[PDB]
Protein chains: 2
Amino acid sequence: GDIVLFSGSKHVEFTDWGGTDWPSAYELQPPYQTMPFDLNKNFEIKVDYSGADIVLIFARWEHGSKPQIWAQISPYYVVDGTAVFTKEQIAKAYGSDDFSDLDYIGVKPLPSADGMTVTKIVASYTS
Amino acid sequence: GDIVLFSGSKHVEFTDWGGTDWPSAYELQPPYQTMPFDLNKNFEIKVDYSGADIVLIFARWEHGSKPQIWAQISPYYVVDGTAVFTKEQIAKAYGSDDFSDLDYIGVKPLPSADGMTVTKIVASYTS
């Protein structure tokens with residue numbers, strides 16, 4: 001089925017890079033927050049958005065001899081104000097589909113004059 | 001308006017106390033996650049649930065000479081499978097309506113044989 005991770009009107013201002021921080025529309029940290037969906041299923045994440053281009057981040061912080069992963073992905077495709085990200089695209093960027101060490105999931109804008117607004121985020125299982 | 005923080009079918013098993021951990025249906029850590037709603041508005045949180053009694057936690061960890069706040073609140077009321085929590089009830093349990101030091105928001109079950117299932121969490125502004 002379909003899991004709503006957010007619905008409303010979340011605005012993010014971000015007019016240029018080069019500042020230090022990169023603000024988000026939505027974030028999860030799996031080691032610290034009970035999960036709203038199960039990463040082990042085959043899933044897609046769909047985001048209704050406008051105002052800026054959008055990326056999805058899966059990240060693992062550096063630990064020991066294992067490097068930081070910063071899996072920044074563009075949509076698998078966009079259609080009708082909606083970006084679709086798939087698990088198999090995410091796994092290719094993450095280097096595997098093993099999320100047992102995943103530290104961070106973030107939805108972020110690219111720079112724009114107007115800011116990005118997200119109105120809905122859903123996880124859908126395709127298994 | 002109304003902001004959907006979650007909708008789906010989130011099950012939490014928790015049959016007794018005395019273990020060390022207390023699992024959650026939903027958690028946010030405001031210092032670390034961009035917020036889906038604005039704590040400064042007058043709001044209520046409404047949760048559609050069944051299977052166990054439910055509480056809402058607002059917490060601040062101990063820092064310096066300021067104590068840990070563990071604002072565990074029962075619903076302001078329940079009606080038709082839905083618990084309602086209000087900002088003014090939360091502020092009374094938290095000791096103020098100043099959320100500038102809020103570390104944690106959690107929705108948790110009390111012990112039950114069957115576990116709790118949450119199907120929807122919404123923040124509504126009443127300002």
Side-chain angles (χ1 to χ4, degrees), chain A residues 1-14 21-41 43-49 52 54-57 59 61 102-109 115-127, chain B residues 1-14 21-41 43-49 52 54-57 59 61 102-109 115-127:
Chain A
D2 273 24
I3 300 167
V4 178
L5 302 183
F6 175 75
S7 78
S9 191
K10 169 68 162 175
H11 186 72
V12 186
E13 293 191 343
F14 182 55
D21 96 296
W22 185 4
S24 310
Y26 177 86
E27 295 176 289
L28 295 174
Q29 295 191 32
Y32 296 109
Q33 291 170 278
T34 190
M35 283 298 293
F37 72 99
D38 181 1
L39 285 159
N40 291 283
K41 298 194 60 88
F43 66 82
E44 52 189 22
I45 293 171
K46 300 193 265 211
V47 183
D48 296 348
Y49 75 106
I54 193 170
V55 298
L56 177 67
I57 310 305
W61 312 139
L102 180 64
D103 290 307
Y104 177 74
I105 296 168
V107 174
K108 296 188 182 289
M116 192 173 74
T117 296
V118 169
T119 57
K120 195 172 194 176
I121 304 175
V122 299
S124 287
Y125 301 135
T126 55
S127 65
Chain B
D2 273 24
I3 300 167
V4 178
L5 302 183
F6 175 75
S7 78
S9 191
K10 169 68 162 175
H11 186 72
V12 186
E13 293 191 343
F14 182 55
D21 96 296
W22 185 4
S24 310
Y26 177 86
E27 295 176 289
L28 295 174
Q29 295 191 32
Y32 296 109
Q33 291 170 278
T34 190
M35 283 298 293
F37 72 99
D38 181 1
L39 285 159
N40 291 283
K41 298 194 60 88
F43 66 82
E44 52 189 22
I45 293 171
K46 300 193 265 211
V47 183
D48 296 348
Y49 75 106
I54 193 170
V55 298
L56 177 67
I57 310 305
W61 312 139
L102 180 64
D103 290 307
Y104 177 74
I105 296 168
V107 174
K108 296 188 182 289
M116 192 173 74
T117 296
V118 169
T119 57
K120 195 172 194 176
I121 304 175
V122 299
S124 287
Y125 301 135
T126 55
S127 65

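Lettering follows sequence order; numbering is per chain, from 1. Excluded from the calculations below are hydrogen atoms, water molecules and symmetry mates; all remaining heavy atoms, backbone and side chain alike, are included.
To the nearest 0.5 Å, atom CD of residue B/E27 and atom CG of residue A/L28 are 11.0 Å apart.
In terms of heavy atoms, A/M35 sits closest to B/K10 at O-NZ, 2.8 Å.
Considering only heavy-atom pairs separated by less than 4.5 Å from chain B, the leading option among A/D2, A/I3, A/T34 is A/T34.
By the neighbour-count criterion of 12 heavy atoms within 6.0 Å, atom OH of A/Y125 is densely surrounded, having more than that number from other residues, nucleotides or ligands.
Only the backbone of A/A25 comes within contact range of chain B, judged by heavy atoms closer than 4.5 Å. At a 4.5 Å heavy-atom cutoff, the contact between A/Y26 and chain B is made by backbone atoms alone.
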